[PDB]
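Taken in order, these protein sequences are the chains called A, B and C.
To convert a position in the first sequence, counted from 1, into PDB author numbering, add 1.
Numbering follows PDB author numbering, with no gaps: position 53 of the second sequence is 52.
To convert a position in the third sequence, counted from 1, into PDB author numbering, add 1.
The C-beta atom is built at its ideal place from N, Cα and C for all residues, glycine as well.
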Amino acid sequence: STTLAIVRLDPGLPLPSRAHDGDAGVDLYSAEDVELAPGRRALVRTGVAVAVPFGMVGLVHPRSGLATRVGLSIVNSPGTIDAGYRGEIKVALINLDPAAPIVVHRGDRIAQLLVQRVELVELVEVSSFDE
Amino acid sequence: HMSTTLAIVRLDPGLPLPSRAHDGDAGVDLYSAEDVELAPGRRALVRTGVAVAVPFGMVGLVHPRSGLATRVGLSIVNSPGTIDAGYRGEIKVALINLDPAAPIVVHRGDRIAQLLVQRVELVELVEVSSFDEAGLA
Amino acid sequence: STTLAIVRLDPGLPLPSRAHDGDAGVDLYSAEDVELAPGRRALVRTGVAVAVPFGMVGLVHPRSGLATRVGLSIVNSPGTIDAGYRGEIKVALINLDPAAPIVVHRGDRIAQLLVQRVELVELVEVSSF
Ligand SMILES: O=c1ccn([C@H]2CC(O)[C@@H](COP(=O)(O)OP(=O)(O)OP(=O)(O)O)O2)c(=O)[nH]1
Ligand SMILES: O=c1ccn([C@H]2CC(O)[C@@H](COP(=O)(O)OP(=O)(O)OP(=O)(O)O)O2)c(=O)[nH]1
Ligand SMILES: O=c1ccn([C@H]2CC(O)[C@@H](COP(=O)(O)OP(=O)(O)OP(=O)(O)O)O2)c(=O)[nH]1
Ligand SMILES: [Cr+3]
Ligand SMILES: [Cr+3]
Ligand SMILES: [Cr+3]
């Protein structure tokens, strides 16, 4: 029941929002219009930056509707947004369809952002495991 | 440690009930209610014959099965599939054959993916003019 | 503060480490050299095995740099490391670029590992919703 500081690098876009209570993420908009040819990819700017709390992590997930209907996916899915990252959030989209192209319009919801805690583990090297 | 329960409805009473192979196993395997064949590069939305009630504050995640991933190149377009807490519909998996030549034959009753459940920070967005001005440089 | 036991099966690679305080994961290296032609995949060794605490889960995430740059992805992303597992972590790399083959050399960072709690939920069958 955390707050996430967000800066709208592109004031021309709506502020990402949680569709329904409980909804895992908030949809991210595309700041640009782009066409992905079958098999081709693209790094798309979302017009936003966020400040994920220390001990937490941002996760860029693909939208299931578009995923099925047009084969639109994310190459590095899940996208990993570190707590210290202050740059702009970009989504590496890819058209996984075999023959049809994917049209992306400035203003479309091209991904969803989730926020979860993360175990900042201290790795301790051992000679072997206990059995 | 001691968690909660997850209410599950077998929409298709012909498939087994998903379960946790081992105690510490992150998730439970989901079965395919249908027979499907994925030609190379082709995809499909396959039904799992189940619906769930992910508790408020938690999310359901649909991950691929490493085995089939390596052996035949089976993947899931929207991995990780996000199952929202308020969703009460049937879980479906967007299976895709990432292999270059060999089709992939899916049989009703096969384990096609696994489902994990985690808590999820239901963050409240707070727009700020800039990180510097907000003291977040 | 949670600690993660880890064995460098291949003593010739650096121990995986967290780039910055706050960074979600730690980059896992490649223990071998591999070239993936377009559309081709390969299960790569990392030269390490870990011991995910009971109640937690490991997760293998692709690195965004290479994904955008050369189209390098992970077939089963996110890779699930169960608490029970004690074998070598292997990554299922795949070349999603149309024409350019991908070259990986021993010592490269091919993936990042995350650890998170997981709800070991108890399934209960019910009649309806
Ligand atoms: O592997 C999946 C992913 C999603 N769903 C369902 C359940 C759920 O929460 C809803 C929507 O998924 P999502 O929010 O990812 O995709 P969307 O394209 O953004 O659609 P929606 O507009 O309904 O939010 O779709 C599944 O059955 N299986
Ligand atoms: O979909 C994404 C993925 C990552 N990032 C940013 C935020 C963040 O945490 C940082 C690095 O992501 P990552 O660790 O995946 O890529 P990398 O290639 O491993 O590089 P690095 O950690 O070296 O900066 O890059 C995005 O804006 N969008
Ligand atoms: O990116 C990955 C994913 C899995 N593994 C290993 C570790 C681990 O837990 C085991 C396989 O568990 P998993 O649920 O992924 O595979 P499965 O296909 O569902 O099969 P099962 O539990 O029968 O093995 O494989 C990796 O090394 N890398
Ligand atoms: Cr939604
Ligand atoms: Cr398993
Ligand atoms: Cr990093």
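Residue i: buried (16+ other C-beta within 10 angstroms of its C-beta) or exposed?
i                       : result
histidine 62 of chain B : buried
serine 129 of chain C   : exposed
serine 31 of chain C    : buried
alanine 25 of chain C   : buried
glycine 59 of chain C   : buried
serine 18 of chain A    : exposed
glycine 85 of chain B   : exposed
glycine 66 of chain B   : exposed
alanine 38 of chain C   : exposed
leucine 16 of chain C   : exposed
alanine 68 of chain B   : buried
Below 6 Å CB to CB, which residues in the same chain sit around residue i once its five sequence neighbours on both sides are set aside?
i                           : result
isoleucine 95 of chain A    : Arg42, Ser74, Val76
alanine 52 of chain C       : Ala6
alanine 93 of chain C       : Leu44, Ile75, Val76, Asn77
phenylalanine 55 of chain B : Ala84
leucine 14 of chain A       : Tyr30, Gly48
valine 127 of chain B       : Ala133
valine 105 of chain B       : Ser31, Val35
Could you tell me which residues DSSP puts in a beta bridge with residue i?
i                           : result
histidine 62 of chain C     : C:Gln113
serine 74 of chain B        : B:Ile95
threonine 4 of chain B      : C:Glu123
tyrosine 86 of chain B      : BP columns for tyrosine 86 of chain B are empty, so no partner.
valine 27 of chain A        : A:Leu114
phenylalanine 55 of chain C : C:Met57
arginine 42 of chain B      : B:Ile95
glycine 80 of chain B       : B:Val61
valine 104 of chain A       : A:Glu36
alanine 50 of chain C       : C:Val8
Does the separation of the CB atoms of residue i and residue j fall below 8 Å?
i                        : j                       : result
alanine 133 of chain B   : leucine 29 of chain B   : no
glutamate 36 of chain B  : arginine 107 of chain B : no
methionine 57 of chain A : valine 125 of chain A   : no
residue 137 of chain B   : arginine 87 of chain A  : Beyond the ends of chain B as shown, which are 0 and 136, falls residue 137 of chain B; an answer cannot be given.
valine 122 of chain C    : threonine 3 of chain B  : yes
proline 79 of chain A    : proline 79 of chain B   : yes
Which same chain residues end up closer than 8 Å to residue i when comparing Cβ atoms and leaving out the 5 residues on each side of it in sequence?
i                        : result
residue 137 of chain B   : Outside the modelled stretch of chain B, which goes from 0 to 136, sits residue 137 of chain B, for which no answer is possible.
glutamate 89 of chain A  : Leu10, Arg46, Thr47, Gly48, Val49, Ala50
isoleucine 82 of chain C : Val51, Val53, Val58, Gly59, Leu60, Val61, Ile90, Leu114
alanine 136 of chain B   : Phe130
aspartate 109 of chain B : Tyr30, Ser31
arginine 64 of chain B   : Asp28, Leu73, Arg110, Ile111, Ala112, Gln113
Looking only at its own chain, which residues have a Cβ that is under 7 Å from the Cβ of residue i, when we skip the five neighbours before and after it?
i                    : result
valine 27 of chain B : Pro17, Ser18, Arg19, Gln113, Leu114
Task: chain B contacts made by the segment 70-84 of chain A, where a contact means CB separation under 7 Å - done: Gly72, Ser74, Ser78, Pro79
Task: chain C contacts made by the segment 19-42 of chain A, where a contact means CB separation under 9 Å - done: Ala38, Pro39, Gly40, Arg41, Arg42
TODO: With 8 Å as the limit, tell me which residues of the segment 117-135 of chain B have their beta carbon closer than that to any beta carbon of chain A; keep them in chain order.
DONE: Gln117, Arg118, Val119, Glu120, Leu121, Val122, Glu123, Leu124, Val125, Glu126, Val127, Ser128, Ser129, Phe130, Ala133, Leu135
- [ ] May I ask you to list, following chain order, the residues of the segment 95-106 of chain C that have a beta carbon less than 9 Å from some beta carbon of chain B?
- [x] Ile95, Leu97
Task: chain B contacts made by the segment 51-63 of chain A, where a contact means CB separation under 7 Å - done: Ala52, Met57, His62, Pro63
Task: Members of the segment 1-13 of chain B near chain C, C-beta cut-off 9 Å - done: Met1, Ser2, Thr3, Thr4, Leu5, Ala6, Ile7, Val8, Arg9
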